[PDB]
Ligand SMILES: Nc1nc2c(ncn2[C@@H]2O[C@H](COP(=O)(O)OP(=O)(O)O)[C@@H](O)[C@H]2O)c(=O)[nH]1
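Encoded as structure tokens, the following chain is the form solved without ligand GDP, with no partner shown.
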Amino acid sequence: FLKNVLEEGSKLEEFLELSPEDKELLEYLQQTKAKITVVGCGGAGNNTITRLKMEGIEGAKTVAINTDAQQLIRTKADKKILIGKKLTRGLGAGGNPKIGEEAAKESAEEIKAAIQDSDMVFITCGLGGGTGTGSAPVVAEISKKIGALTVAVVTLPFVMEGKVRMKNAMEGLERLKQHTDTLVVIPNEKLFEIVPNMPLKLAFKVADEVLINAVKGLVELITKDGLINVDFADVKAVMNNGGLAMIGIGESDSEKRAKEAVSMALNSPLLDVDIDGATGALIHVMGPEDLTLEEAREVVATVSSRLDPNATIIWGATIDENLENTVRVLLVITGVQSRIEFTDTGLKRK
């Protein structure tokens, strides 16, 4: 009986030590925990969720929504939602964000049901298409309505995708910034400065890799046990009014991993903005089984001296089973909307 399940599962929890006070407390933490849901919209959104799912994202429910049934069936997630079951019949919205938006609206109640009791929701997707670009802002609007920390981690299209797609992305990015607490944007075009002679046929595979790493890094920073205390109250603090944000990723293998990883992360072409005054930042330093709090401490210090002396900085350090002799640093600087300008050919640096 599935219905008994939830109730008999507590029997084991409750039933050999603690006192009555600790009895209530322990039984309290059970519920108190922060519920995280990541929602992937459209093509790139769905490829990301599948990996997060298959690789096992820690402490977060995965939701994949799509207007296209073919894509949705190949996707793996804790929950899948075919938005626009009446508007599209599960055939795809094409490159028209207006359809994807309407598709999401149509399934709004279904979406709300998938993120219902979430303390924080991550909306991820690749802008430029019709589904992700159209639905993402609706999922964000619904997220805020249920009262969850609403963060979005999205990518801007490659220039080789065309002005129509970029323009649609920027407009989507605009509508999105309206319903998010913090909006993280990844310019795919810069993916070319990290891998200059990267084969065009691989651009998207790499884009998938970066988004997955970014969403996973941010999410796990909050949920995965590490060498140090990462409190949800702080995340709430930094993410809550983080306007526009960008990321930087780096890693090193040399006997100056931490130091060299920060360098890459800070000089990352993905950080297409002046960060020398940032008011907030989330840092996640991942490494091998030999990772010391000292290295993580060295990364944070490095970054801290670039931001505002008053900058709010959340950081963590987790150990990744299969991580070489390499330490990877995911950097997320917030409140940089005033250093950028929204145009329809991409974001421009002020």
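Residues that one form lacks are left out of the comparison. Rigid core here is just the name for the largest C-alpha set that superposes within 1.5 Å across the two forms. All residue numbers are counted from 1 along the displayed sequence.
Keep in mind the form deposited with ligand GDP bound is missing from the figure; the text below concerns it.
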property	result
Open or blocked, ligand GDP overlaid from its pose in the entry with it bound onto this form, 2.4 Å backbone/C-beta test	open
4.5 Å heavy atom contact, residue 165 to ligand GDP in the entry with it bound	yes
Proximity of residue 272 to ligand GDP in the entry with it bound, heavy atoms at 4.5 Å	no
Ligand GDP contact in the entry with it bound: residue 60, any heavy atom under 4.5 Å	no
Contact flag, residue 213 vs ligand GDP in the entry with it bound, heavy atom cut 4.5 Å	no
Joint contact, 47, 129 and 204 to ligand GDP in the entry with it bound, by non-hydrogen atom at 4.5 Å	yes
One residue of 208, 102, 234, 251 in contact with ligand GDP, assessed in the entry with it bound (non-hydrogen atom, 4.5 angstroms)	208
Of 279, 223, 263, 71, the one that lies within 4.5 Å of ligand GDP in the entry with it bound (heavy atoms)	71
Region of this chain that lies against ligand GDP in the entry with it bound, out of 121-129, 225-233, 108-116, 241-249 [heavy atom, 4.5 Å]	121-129
C-alpha of residue 32 off by 2 Å or more between this form and the one not shown on rigid core	yes
Cα-Cα shift for residue 32 and residue 227, closer or farther in the entry with it bound, minimum 3 Å	closer
Direction of C-alpha distance change in the entry with it bound, residue 320 to residue 32 (at least 3 Å)	closer
Regions shifting between this form and the one not shown, defined as 3+ consecutive residues whose CA atoms all move 2 Å or more relative to the core	19-33
